[PDB]
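Chains as they are written, first to last, in full-length UniProt numbering: chain A, 436 to 446; chain B, 561 to 584, 599 to 632, 665 to 798; chain C, 64 to 126; chain D, 579 to 615; chain E, 369 to 525. Positions of the beta carbon are idealized from the N, C-alpha and C atoms, including for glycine.
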Amino acid sequence: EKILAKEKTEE
Amino acid sequence: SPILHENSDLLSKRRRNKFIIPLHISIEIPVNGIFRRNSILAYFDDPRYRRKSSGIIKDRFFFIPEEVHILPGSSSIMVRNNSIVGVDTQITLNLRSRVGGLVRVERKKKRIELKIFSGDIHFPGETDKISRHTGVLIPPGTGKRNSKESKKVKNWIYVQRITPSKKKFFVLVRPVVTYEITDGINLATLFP
Amino acid sequence: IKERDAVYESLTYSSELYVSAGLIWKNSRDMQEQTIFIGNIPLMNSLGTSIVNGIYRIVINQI
Amino acid sequence: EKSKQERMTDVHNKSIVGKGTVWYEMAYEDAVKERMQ
Amino acid sequence: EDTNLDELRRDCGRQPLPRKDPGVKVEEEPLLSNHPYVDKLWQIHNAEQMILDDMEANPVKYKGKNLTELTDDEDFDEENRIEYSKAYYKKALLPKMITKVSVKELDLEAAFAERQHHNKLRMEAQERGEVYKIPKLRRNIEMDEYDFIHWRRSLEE
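This is the structure in structure tokens:
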């Protein structure tokens with residue numbers, strides 16, 4: 436959650 | 561590090577079944607590291623052939671620039687459909703027309719498409735049986751030097767027939783640009 | 064969820080599958096890669112039993 | 579079986595997806611010859 | 369003791385070891401125009417050019433030391449000259465190699481003069497509103513001469 440979803444939402 | 565005189569050709573040598581290129599156009603390698611037949615490694619997209627105008631070219667290609675504005679559905683348009691607007695015409699509250707011509711407003715479901723076809727409006731005569739739906743491009747006619755007042759048209763023009771009414775039709779001479787396939791070959795020397 | 068919870072509440076114990084299957088668009092010429100959730104894959108215990116819908120189940124081999 | 583041309587197709591597609599008709603096509607030696615000429 | 373079968377065959381007097389029959393003819397094939405010293409000269413030439421460029425970029429490191437003799441590294445070993453590391457995965461998973469060039473045989477004497485003569489003319493050519501592209505260098509001429517003599521050897525053969 437804190438890595439893949441964060442990178443998808445930010446970029 | 562780098563130098564002022566960057567000539568990678570003088571620093572790259574090609575041998576039999578071996579190409580050595582100095583990394584500094600750009601190229602990409604697959605993750606596996608093995609290529610295949612007709613695989614493309616380097617990309618050499620040149621900005622010299624790039625064009626800012628929205629109109630795109632379609665031995666030689668013709669590009670007719672057209673001012674297209676994509677506005678939202680809830681945007682108030684200050685111009686009417688099929689109306690002739692001049693230069694600096696206020697189309698929206700904060701959008702002004704850059705070129706003068708015929709304004710075409712295409713209202714889609716969730717987007718308002720405003721197109722400004724720049725060109726000279728000409729009234730074709732009765733004998734002018736030009737193709738209504740099929741636009742024809744006219745190249746530079748070799749005008750006879752005998753006529754003095756005959757202004758030689760050095761640039762190609764694209765004549766498009768605009769039929770806003772069923773009984774009245776007009777001819778618009780839009781501009782054209784030159785994109786030549788044969789003319790223009792630019793690539794940086796890779797191997798000495 | 065945990066194993067105890069699953070059996071108590073009759074839910075299958077399983078694991079999520081998130082794949083970011085993005086290569087390239089159709090005509091937009093822009094890669095739109097999004098981690099899509101395909102589904103859930105059941106997990107096996109150390110003893111070999113999988114809990115599906117609260118029921119301990121086994122898989123028997125075949126010849 | 580296998581012999582996937584797909585993997586190769588992928589590296590080609592990503593960079594240049596468009597199925598446009600190639601206009602200029604010549605070898606690198608021919609390009610150098612045309613440049614020096 | 370005998371590990372090579374060819375030496376055994378030539379000592380005993382028996383027929384040679386049969387091989388696959390090549391369909392190509394020795395006369396109907398192109399010549400050879402690749403000299404083995406090409407790579408060894410190209411690598412040291414690129415190394416000399418890069419060292420000269422790095423010394424020109426940072427004159428502080430180049431200052432205080434004579435350009436005739438420059439002790440770059442005193443731990444150079446001929447046995448450890450070939451180093452291969454497949455951990456290089458900057459762009460893709462692929463192997464990589466490292467070459468420990470020795471400055472003991474690098475002929476920077478003429479290279480320094482050549483570079484100091486070429487930059488002084490390229491800068492004034494740029495100031496003259498023209499772009500200068502250097503046609504060739506001395507190391508490239510030497511590599512071309514090696515290729516030419518190897519081609520002449522193959523032609524005579």
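If you measure from the beta carbon of residue i to each beta carbon in chain C, is any gap under 8 Å?
i, result
"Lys441/A", "no"
"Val595/D", "yes"
"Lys611/D", "no"
Indicate whether at least one CB of chain D lies closer than 8 Å to the CB of residue i.
i, result
"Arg92/C", "yes"
"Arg610/B", "yes"
"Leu74/C", "no"
"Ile114/C", "no"
"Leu86/C", "yes"
"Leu793/B", "yes"
Find the residues of chain A that neighbour residue i, judging by a C-beta separation of less than 9 Å, and give them in chain order.
i, result
"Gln95/C", "Residues of chain A passing the Cβ test: none, with the nearest at roughly 11 Å."
With 16 other CB atoms within 10 Å as the buried threshold, where does residue i fall?
i, result
"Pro770/B", "exposed"
"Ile599/B", "exposed"
"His403/E", "buried"
"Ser703/B", "buried"
"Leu720/B", "buried"
"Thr695/B", "buried"
"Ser724/B", "buried"
"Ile697/B", "buried"
"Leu420/E", "buried"
"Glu416/E", "buried"
"residue 562/D", "No answer is possible for residue 562/D: it lies beyond the span of chain D, which begins at 579 and ends at 615."
"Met614/D", "exposed"
"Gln766/B", "buried"
"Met604/D", "exposed"
Compare the C-beta of residue i with all C-beta atoms of chain B and state if any pair is closer than 8 Å.
i, result
"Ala605/D", "no"
"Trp519/E", "no"
"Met614/D", "no"
"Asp421/E", "yes"
"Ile450/E", "no"
"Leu505/E", "yes"
"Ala479/E", "no"
Ordered along the chain, which non-local residues of its own chain (more than five positions away) have a Cβ less than 7 Å from that of residue i?
i, result
"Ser453/E", "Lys464, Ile466"
"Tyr405/E", "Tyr514"
"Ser78/C", "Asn103, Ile104, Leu106"
"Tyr119/C", "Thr112"
"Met684/B", "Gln696, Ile697, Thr698"
"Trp410/E", "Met511"
Quick one: what's got a C-beta closer than 6 Å to residue i's C-beta in the same chain, skipping five residues either side?
i, result
"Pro745/B", "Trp762"
"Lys431/E", "none"
"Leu615/B", "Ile601"
"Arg507/E", "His413"
"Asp379/E", "none"
Counting only Cβ pairs nearer than 7 Å, list the residues of chain D close to residue i.
i, result
"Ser613/B", "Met586, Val589, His590"
"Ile787/B", "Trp601, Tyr602"
Please list, in chain order, the chain E residues whose beta carbon lies closer than 8 Å to that of residue i.
i, result
"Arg575/B", "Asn402, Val406, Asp407"
Ignore the nearest five residues each way along the sequence and tell me which others in residue i's own chain have a CB closer than 8 Å to its CB.
i, result
"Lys760/B", "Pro746"
"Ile517/E", "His403"
"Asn434/E", "none"
"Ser681/B", "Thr698, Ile718"
"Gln97/C", "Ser83, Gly85"
"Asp445/E", "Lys468"
"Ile736/B", "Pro730, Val742, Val765, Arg767, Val777"
Taking Cβ-Cβ distances shorter than 8 Å, what residues in chain D pair up with residue i?
i, result
"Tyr617/B", "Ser593, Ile594"
Anything in chain E within Cβ reach of residue i, meaning under 9 Å, just list it in chain order.
i, result
"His739/B", "Here the premise fails: no neighbours, minimum Cβ distance about 50 Å."
"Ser568/B", "Ordered by position in chain E, no residue passes the 9 Å Cβ test against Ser568/B, which lies about 11 Å from the chain."
"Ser682/B", "Here the premise fails: no neighbours, minimum Cβ distance about 51 Å."
List the residues of chain B that residue i touches, going by C-beta distances under 9 Å, in chain order.
i, result
"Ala460/E", "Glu602, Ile603, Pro604, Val605, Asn606, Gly607"
Shorter than 8 Å from the beta carbon of residue i to some beta carbon of chain A?
i, result
"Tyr81/C", "yes"
Against chain E, with Cβ distances strictly below 8 Å, would residue i count as a contact?
i, result
"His565/B", "yes"
"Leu796/B", "no"
"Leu571/B", "yes"
Exercise for review: Taking only runs that begin and end inside the region 697-724 of chain B, name each unbroken beta strand (DSSP E) of 3 or more residues, in chain order.
Suggested key: 707-713, 717-724
Point to revise | Unbroken stretches of the beta strand (DSSP E), 3 residues or longer, contained in the region 446-519 of chain E | key: 450-453, 464-467
**Study point:** Contained beta strand (DSSP E) runs [length at least 3] in the region 749-779 of chain B, N- to C-terminal order
**Key:** 763-768
Exercise for review: Identify every run of the beta strand (DSSP E) within the region 69-104 of chain C, keeping only runs that are complete inside it and at least 3 residues long; order them along the chain.
Suggested key: 77-82
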